[PDB]
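Asker: The structure that follows is given in the form of structure tokens.
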Amino acid sequence: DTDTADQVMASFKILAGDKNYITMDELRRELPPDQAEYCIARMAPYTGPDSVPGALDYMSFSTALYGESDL
Amino acid sequence: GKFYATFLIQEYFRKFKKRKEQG
């Protein structure tokens with residue numbers, strides 16, 4: 001709404017192509033190794049109706065990043 | 001595009017820092 005997480009999420013969805021999971025190397029190609037590695041580690045094992053190899057659930061990153069320890 | 005999406009990510013991270021410094 002007044003944030004930019006909802007926007008990033010929509011952009012991520014479009015980044016992967018209406019997929020709740022994105023390729024580890026693909027996001028590493030978009031985001032710098034530093035952020036990409038953190039994202040890869042902060043992501044969760046895809047989880048869905050189809051096991052996507054080399055791709056993990058990105059929604060978990062936004063969820064982990066959504067929860068603040070002082071908000 | 002891919003470049004715009006990444007731009008938004010960086011901007012969010014960027015403004016997030018300032019937001020936290022404020023409250």
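Asker: What are the chymotrypsin sites (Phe, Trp or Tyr not before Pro) within the stretch A:1-62 that DSSP puts in a loop, where the Cβ has at most 12 other Cβ atoms within 10 Å? Write down the numbers at each step before the final one.
Answerer: Details: sites: A:12, A:21, A:38, A:46, A:58, A:61; in loops: A:46, A:58.
Those that pass, being in a loop and sparsely packed, number zero.
Asker: Still on this model: Averaged across A:39-48, how many Cβ atoms of other chains sit within 10 Å of each residue's Cβ atom?
Answerer: Values: counts 1, 0, 0, 0, 0, 0, 0, 0, 0, 0.
Mean shielding by partner chains, rounded to a whole number: 0.
Asker: Between residue A:6 and residue A:69, what is the label-point separation in nm under the 7 Å Cα-to-beta-carbon projection?
Answerer: Reported label-point gap for residue A:69 and residue A:6 is 2.8 nm.
Asker: For residue A:44, which sequence-distant residues (separation of 5 or more, or a different chain) have an amide H within less than 5 Å of its own amide H, given hydrogens modelled in the peptide plane?
Answerer: A:57, A:60, A:61
Asker: Can you tell me the 0 to 90 degree angle between the C-alpha axis of helix A:33-42 and the longest principal axis of chain A, rounded to 10?
Answerer: Tilt of helix A:33-42: around 90 degrees.
Asker: Can you work out the PRE-style zone for residue A:42? Point 7 Å along Cα to Cβ, and I want the residues of the stretch B:1-19 with backbone N under 16 Å.
Answerer: Only B:6-19 pass the distance filter.
Asker: Below 8 Å between Cα atoms, with a sequence gap of 6+, how large is the relative contact order for chain A in percent?
Answerer: Numbers: 58 pairs, mean separation 22.6, N = 71.
Value for chain A: 32 percent.
Asker: In nanometres, what is the gap between the two model label sites at residue A:35 and residue A:50, each 7 Å from Cα along Cα-to-Cβ?
Answerer: Taking the two extended label points, one gets 2.8 nm.
Asker: If you wrap the protein assembly as shown's Cα atoms in a convex hull and average its projection over all directions, what's the area in nm²?
Answerer: 6.4 nm²
Asker: Just to check I understand the Karplus step: with θ = phi - 60° and J = 6.51 cos²θ - 1.76 cosθ + 1.60, what whole-Hz values come out for the stretch B:12-23, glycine and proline as x?
Answerer: Values, residue by residue: 4, 4, 4, 5, 5, 4, 5, 4, 5, 5, 8, x Hz.
Rule-based calculations on the coordinates, nothing more; no lab input. Heads up, the Cβs are rebuilt from the backbone with ideal geometry, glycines too, and the neighbour counts pull from every protein chain shown.
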